[PDB]
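**Student:** Below you'll find the structure I mean.
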Amino acid sequence: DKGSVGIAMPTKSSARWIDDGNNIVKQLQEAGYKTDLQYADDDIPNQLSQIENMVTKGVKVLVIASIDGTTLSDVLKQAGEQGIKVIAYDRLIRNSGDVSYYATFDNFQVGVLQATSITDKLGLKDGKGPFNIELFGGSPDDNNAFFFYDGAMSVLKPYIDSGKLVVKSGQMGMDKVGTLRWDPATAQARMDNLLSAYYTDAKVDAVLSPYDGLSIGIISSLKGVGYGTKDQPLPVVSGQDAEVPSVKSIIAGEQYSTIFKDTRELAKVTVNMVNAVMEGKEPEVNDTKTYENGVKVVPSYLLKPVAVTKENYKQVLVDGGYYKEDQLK
Ligand SMILES: OC[C@H]1O[C@@H](O)[C@H](O)[C@@H](O)[C@H]1O
Numbered sequence: 002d003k004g005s006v007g008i009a010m011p012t013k014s015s016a017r018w019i020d021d022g023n024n025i026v027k028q029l030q031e032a033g034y035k036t037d038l039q040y041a042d043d044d045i046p047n048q049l050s051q052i053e054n055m056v057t058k059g060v061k062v063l064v065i066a067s068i069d070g071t072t073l074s075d076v077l078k079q080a081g082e083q084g085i086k087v088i089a090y091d092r093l094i095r096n097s098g099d100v101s102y103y104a105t106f107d108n109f110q111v112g113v114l115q116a117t118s119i120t121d122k123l124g125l126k127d128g129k130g131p132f133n134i135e136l137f138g139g140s141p142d143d144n145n146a147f148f149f150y151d152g153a154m155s156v157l158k159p160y161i162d163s164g165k166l167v168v169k170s171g172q173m174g175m176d177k178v179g180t181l182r183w184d185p186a187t188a189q190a191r192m193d194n195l196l197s198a199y200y201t202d203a204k205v206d207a208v209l210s211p212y213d214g215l216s217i218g219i220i221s222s223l224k225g226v227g228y229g230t231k232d233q234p235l236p237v238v239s240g241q242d243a244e245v246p247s248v249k250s251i252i253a254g255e256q257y258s259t260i261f262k263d264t265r266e267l268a269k270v271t272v273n274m275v276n277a278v279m280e281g282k283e284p285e286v287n288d289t290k291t292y293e294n295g296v297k298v299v300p301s302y303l304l305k306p307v308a309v310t311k312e313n314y315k316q317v318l319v320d321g322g323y324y325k326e327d328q329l330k
């Protein structure tokens, strides 16, 4: 009876949130808490309704991975009036003074890693170039998407400036490359139209993809126009989440890279935070400057992500138990 914790996850259409949810609940119950885990099927009104009910139920702490956190201002105010502490999980909740802590991966660094996998593969440090690249971003209502993109551009921009990388479509910036709701179908269509408009004569050499779901759609589009044959190899395509279909793609020599974010580690950080709040102590945080949310800078704990390719998938994903060997066959 250490108290109840409400856990709001955005959707099951992206594999990780099932893992986040399972891992948070497993560790919280091990720590002796009761849990109320809900998934919103990416429906913003539903997620709001779910969190409202957690508040009415009288949970002591809310752990929220929001679809669009800006929609939660009113309910989080009510949570604060009731003495409920709020942990933003993975994605920062913006526009609210009632967000107490933020547990996440180093999102800027995720972007650095995605871009670096591409630049390393292209040999840009060896003076290789020029190459054509197209850019994709996440959902614009996901605060993480801006960090993934910015982190990537910290690596790519100097090469784009020098001409060694060329964005042939000229499309850059989250307002132009963002992919609403991280929808793979949308990214696939955009890739379709980039190819027809700008790559009838030229070839795509790389695509910055911020998420595995998108990477698979992008690859499908590329195969639709003849890439992925012996004569015409796929461009270098990044990713994130180490979803099984993308890992299989990487093993097959299609998708080039992904980013492994161990949800077991993020659940553990979250439990540490819950424990602290419940004991009346200050949670461990390692970043109190970065994550401005529009009202304040939320004290945060950042975990370090790991880049995965065909070269290291076994050691990173299987040896550490995230997946079993057979799942990747
Ligand atoms: O769901 C699409 C993406 O959403 C981001 O906010 C999250 O950090 C990524 O790991 C990925 O899951």
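Just so it is clear: in the sequence shown, position 87 is 88 by PDB author numbering, and no numbers are missing. Ideal Cβ placement from N, Cα and C applies to all residues, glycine included.
Under 8 Å Cβ to Cβ from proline 284, same chain only, skipping five residues before and after it: list those, please.
**Tutor:** If we look at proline 284 and ignore the five residues flanking it on each side, its Cβ neighbours are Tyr102, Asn273, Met274, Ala277, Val278, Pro300 and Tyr302.
**Student:** With DSSP run on the structure shown, which of helix, strand or coil describes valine 76?
**Tutor:** It is helical.
**Student:** Going by alpha carbons, who is nearest to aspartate 91 out of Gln39, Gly138, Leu157 and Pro11?
**Tutor:** If we check each option's Cα against that of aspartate 91, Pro11 comes out closest.
**Student:** Please classify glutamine 51 as buried or exposed, where buried requires at least 16 neighbouring CB atoms within 10 angstroms.
**Tutor:** It is buried - the Cβ of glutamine 51 has at least 16 other Cβ atoms within 10 Å.
**Student:** Kindly examine ligand 1 and report whether one of its heavy atoms sits closer than 8 Å to the Cβ of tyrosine 212.
**Tutor:** True, at least one ligand heavy atom lies under 8 Å from that Cβ.
**Student:** What residues in its chain sit with their C-beta under 8 Å from that of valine 167, if we drop five residues either side in the sequence?
**Tutor:** So the list reads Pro131, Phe132, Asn133, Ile134 and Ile161, once near-sequence residues are dropped.
**Student:** With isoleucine 134 as the anchor, note down where its beta strand (DSSP E) starts and where it stops.
**Tutor:** That run of the beta strand (DSSP E) goes 132 to 136.
**Student:** Is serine 101 close to ligand 1? I mean its beta-carbon at under 8 Å from any heavy atom of the ligand.
**Tutor:** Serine 101 Cβ: outside cutoff for every heavy atom of ligand 1.
**Student:** Do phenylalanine 137 and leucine 215 have their C-beta atoms within less than 9 Å of each other?
**Tutor:** Cβ atoms of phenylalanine 137 and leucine 215: closer than 9 Å.
**Student:** Quick one: complete beta strand (DSSP E) runs, 3+ long, within the stretch 26 to 51?
**Tutor:** With a minimum length of 3 residues, the continuous beta strand (DSSP E) runs that stay inside the stretch 26 to 51 are 35 to 40.
**Student:** If you measure from the CB of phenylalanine 132, is any heavy atom of ligand 1 nearer than 8 Å?
**Tutor:** Checking the Cβ of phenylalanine 132 against ligand 1 gives no.
**Student:** Any idea if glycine 128 is buried or exposed, counting beta-carbon neighbours within 10 angstroms, 16 or more meaning buried?
**Tutor:** When all chains shown are included, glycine 128 counts as exposed.
**Student:** Flag this pair as yes or no: are the beta carbons of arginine 182 and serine 239 separated by less than 9 Å?
**Tutor:** Contact: no.
**Student:** Quick one: does the C-beta of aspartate 143 sit closer than 8 Å to a heavy atom of ligand 3?
**Tutor:** What this structure holds is ligand 1, not ligand 3.
**Student:** Suppose the cutoff is 7 Å on Cβ atoms and the five residues either side in sequence are ignored; what does the same chain contact list for residue 1 look like?
**Tutor:** Past the edges of the chain, shown from 2 to 330, lies residue 1, and the structure says nothing about it.
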